[PDB]
Structures are given as C-alpha cells and as structure tokens.
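Coming up are structure 1 and structure 2: the same protein chain in two forms, each one given alone as structure tokens.
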Structure 1
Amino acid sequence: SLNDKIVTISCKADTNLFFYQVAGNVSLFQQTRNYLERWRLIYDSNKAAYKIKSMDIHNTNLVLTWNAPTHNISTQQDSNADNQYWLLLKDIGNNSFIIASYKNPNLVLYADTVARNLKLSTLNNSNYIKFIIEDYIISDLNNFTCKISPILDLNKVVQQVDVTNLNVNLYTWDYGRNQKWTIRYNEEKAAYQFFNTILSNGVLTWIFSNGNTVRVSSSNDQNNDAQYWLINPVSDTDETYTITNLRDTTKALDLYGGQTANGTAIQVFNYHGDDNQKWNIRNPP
C-alpha cells in the first residue's frame, strides 16, 4: 500500500518540522510544499523494508542513509545497502510511525528539534521517535489557504459573491476574503472541504437539489457527501488539479462553457478532463 508513494515526513514532536534534503544533507525544516521535502518510499519484498529516496531534482539518486558507526543520518548515492533500508512501523491509534534501521533495528530515527536534524536512537515513549507520513498532495493541501483559478485565465478566480450571497462565480482576483478558500482534509472520508475565508462554516457544495448548480453552504449539517471533494493532480504540473465530488465522482467542478468573463457560473459537470475542468490551486501573492 505504501510502495512507490511520494510522501512528506514530519515530526510528531513538532508537526511544523519536515524532513528536508539538499546536497547530501538531511535536516528538519518548516513546510515548503515542494520537492525538497518529498520522498519516494521504495519497498523491497525480500527485506520487507523501504528505501526513502529524495525527490531532489539535481541529484536524482539520493536515499536516506545511516552513517554507521555514528548516529548520524545523511542522503547518499543509492547502492541498495542495508543502512539504506528502514522498517516503517505504524503505531496504531497514534497515526504515527517509528522508523527503524533495517541494518540494525535496535536503532530508530530521532528528531532533534533544537538542532533541527535527525539522528539514530534506542527507543523510548516520547514523540521524538514518532513521525507523520503523508501523501504529499494531502500534506500540501491540508490547511492551505488558496485561490482557485481556471487554467483558461489565471488572472481570474472562483469566488463566493459576498457574505450573504452564497453563489459561486468567476471573477478578477481582487484580494478579498470572499475569494480565498482554506482546504481541510477529512481522514474518516478521504476527501476535502473548501472553506471560504469570508465565513467560519461556509464550504464549497454541489446543490444536487438543483441539478448542476454549485454554491457555498454551512457545515452545520450532520453529513452530506456533496460538501466533500477529491482533488487530483494533473501530470507534469505543480499546481494544477481536477476537483471531483464525493457524492458522485463522475461530477467534476466546471467553468461554464469554458467562458472567461466576469460572472460566469462555476458548476459541476460530467468529467471529460478538458481545460475547463482543470484548476490552478495557488498561494495568494
């Protein structure tokens, strides 16, 4: 289930610190939402262990390595060595992982939150040997405040119209809070909500009571699958996604007629994957 997955790894002891890699050096650093903090998990069925390969774009063959006989950790050229393999032991109920050396499982990864780096340690009951492993997309998008633009015009955004009118349309970015949305991932459902930042409880919603109409509505409801969405990356892009609805995944968030004028309706529509169903989720500048 975890083989070949690209993930972020962050510290249970400090969830704002992430495994960070550059030029053979591994350190702990704030969220970057980029490849410096991404790792590919590579499973070997015989060892029953994983390599943890950096997604560095310059040095393409670097993997998390234990610098035996020291307690230091680095990234080195992958040679399939036993000190390049790790046991991913999931602490159930704690949603966290202890990461032990395959070469020597007496030793596990330890977060030095003051030095901001990693070492190997014997075990204990502290959060310093516990790590959070997460799909990099979820990691990047969860609790991210963004604007959403169609790729047919990146100068325009998806907005709630104002605090009292909850309809959703396409407009020129004006930096207003009605044009920002905070994404939150729900683990019980494996799907996301888009909270408009001009309200406390407003979430992007398919009005399945009115065909294809899309509006913001309160989250005060018990459970409505229409409120929740799957966000899927389009290949080769950093920030481009298709957004499908949980209730019915054949329904994709869609810009009416691929029209790019102010006022144009944002609605759901059968997934065809054309340019009008592709969305840029970005930082606000």
Structure 2
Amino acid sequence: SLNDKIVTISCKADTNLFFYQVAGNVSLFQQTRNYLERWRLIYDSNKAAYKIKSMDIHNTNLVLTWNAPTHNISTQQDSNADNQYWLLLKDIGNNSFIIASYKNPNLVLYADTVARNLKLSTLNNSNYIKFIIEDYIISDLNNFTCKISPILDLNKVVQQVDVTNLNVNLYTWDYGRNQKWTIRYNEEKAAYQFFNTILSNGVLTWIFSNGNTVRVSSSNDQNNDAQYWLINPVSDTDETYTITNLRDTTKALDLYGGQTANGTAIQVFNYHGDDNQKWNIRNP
C-alpha cells in the first residue's frame, strides 16, 4: 500500500517530467534521481485521503498544497488542512492516478507542461490529469542503462560472455556492450528485467532447470517468472542493491564463493544478504 511510501510523481502526458520541489515551489522538471523529486505519502484512513510530503532538506515539513481560491499549487508547512489532502484514485488498467483535492474533489491536479507547473482543473479524458505514482527506486531504475558490480570488486562487472555465449560471469570493466544492462520495470509483473545491450531482446535469467545457473535468454513472453527480478535497496548505501528472482524470492543473484577472479560465475543462491549478494548499480 501507499502509506509512508516514498515515491516520485510524474506526468502521464510527459513521463520525463516529475513533481519537483524547491523553496516552497512545486514545478515539473526533468528526472533528477534525488530528494527534490521524492515525496512521502501519508494516509488518513478516515478521510480516505493523503498528504503529499516533500523530502526537502533546506528545512521543514512541506506538503503539496492547493492555494485556494487560486487554481495554483505550492508546498506549504503541514497543518493537516483540507487543502493539503488529496484523493489518490488509481485508474485501473492505465498505470496512472487522478489526484483530486480533498477540499474540493471536483478539482484535480492538471499538468501544464508548457508552463511546467501544476494547476487544479475539472476532469477530462486527457492524459494531463493523470500521473504515475511509483516507488522512487522503480522510477530511478526504470529504463536506466547500467553496469553492475559486486561490492567485493567495483572494477569488475556482471557480463554476458560474448554475443552468442549467453553465460554470465564476472570480468574487468572493458566498456563493452556485453557489460551493460538496460533495466526495465514490468508493471504487470511488478518486477524488473535486465536486458543485455549486446542483444536486442536478451534478459538475465535463472536457468532453474540447471541448478543455480544464470544466463541471458530471449524475452519472448511475460510468463517466465525466472526472467524477472526484484531490486531491493540496501539501507544506508548510495547505490547498492540485492537482486532476488521472481520465481523464488529466497534466491538472490550471487557471486560464486565471493570470488572476484575474471570468469567467476554469476549464479543465484539462498538469499541471506551476504556481501556476495550486494551489487552496485551505476552509470557505465
């Protein structure tokens, strides 16, 4: 559920524009992958409504606020006022939310992507009243091209061996397409895939018919859970994660034996959060 979740909020009408907070101003801005675009949702079960709290640091507890009687939006000090509560109405099937004012539910948030701001409007069938509300990790990682390193050796990366050898092992970073992965979140599966960039449609897979083996395999389908993964941030790190398999979430991506020699296998294994199951996901 959404209570106490830290999310980004982006525009269905422009998925590269995010709710951005600075100095009491709420605006629409390109992706920053930082606190300026992160919001905590705070549920009141009696109101059946949420406050949308900025993770701003400069100071204070600022929440998304309707500046009635204008149709403008800002961030103001939380006083639990009705103009700081919002109905989050999930448009089921459309991966989107309509965000209605608790004070005046006739009015909903509307993205003015020319002025790069939000206003309140009545409803219509356009995408300008629809918003993607996601865990910030999903948002930060979706469509991100990365290299993946074990924390035990940040100079080596998880790689496909070569264009037609779909085995996956550890090797020194060498700038190759086989050493880069594009992360894609699947809404329907609630999990991610890692597409190797040397191939068009090859994804990191647990080959469970062969023990703990991990290989790249074609993504022809959304039905094989073993081609999907959960990406779990490790607390009190910048960019370190565990990677568990959707077919069995007690199985984690695992650097065999904690060994860091070139050619060490990448496998899955019983997930206990050891250092050989922690991965740095970052820019190439």
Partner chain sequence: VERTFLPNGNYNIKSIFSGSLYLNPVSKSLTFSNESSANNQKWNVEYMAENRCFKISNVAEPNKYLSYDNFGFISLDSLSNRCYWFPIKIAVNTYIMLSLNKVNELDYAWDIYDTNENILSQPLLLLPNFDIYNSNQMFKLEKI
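Start at 1 and count along the sequence of structure 1; that gives the residue numbers used here. Definition used throughout: the rigid core is the maximal C-alpha set that superposes within 1.5 Å between two forms.
> Given that just one of these two is the form deposited with its partner chain bound, which number is it?
Replying inline: It is structure 1; that copy is the form deposited with its partner chain bound.
>> Superposed on the rigid core, does the Cα of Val163 end up 2 angstroms or more away between structure 1 and structure 2?
In response: It does not, since the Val163 C-alpha is displaced less than 2 Å between structure 1 and structure 2 after the core fit.
>> For a quick test of reading the superposition: does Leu123 move by 2 Å or more at the CA between structure 1 and structure 2, rigid core aligned?
In response: Yes; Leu123 is a residue whose C-alpha shifts (by 2 Å or more) between structure 1 and structure 2 when the cores are overlaid.
> Cα of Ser200 displaced 2 Å or more between structure 1 and structure 2, core superposed?
Replying inline: The answer is no; the displacement is under 2 Å.
>> So with the rigid core superposed, the C-alpha of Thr213 shifts by how many Å between structure 1 and structure 2?
In response: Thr213 is displaced by 1.3 Å at its C-alpha.
> What's the distance in angstrom the Cα of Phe18 travels between structure 1 and structure 2, core superposed?
Replying inline: Displacement of the alpha carbon, after core fit: 0.7 Å.
>> Please report, in Å, how much the Cα atom of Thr60 moves between structure 1 and structure 2 when the rigid core is superposed.
In response: It moves 4.1 Å at the C-alpha.
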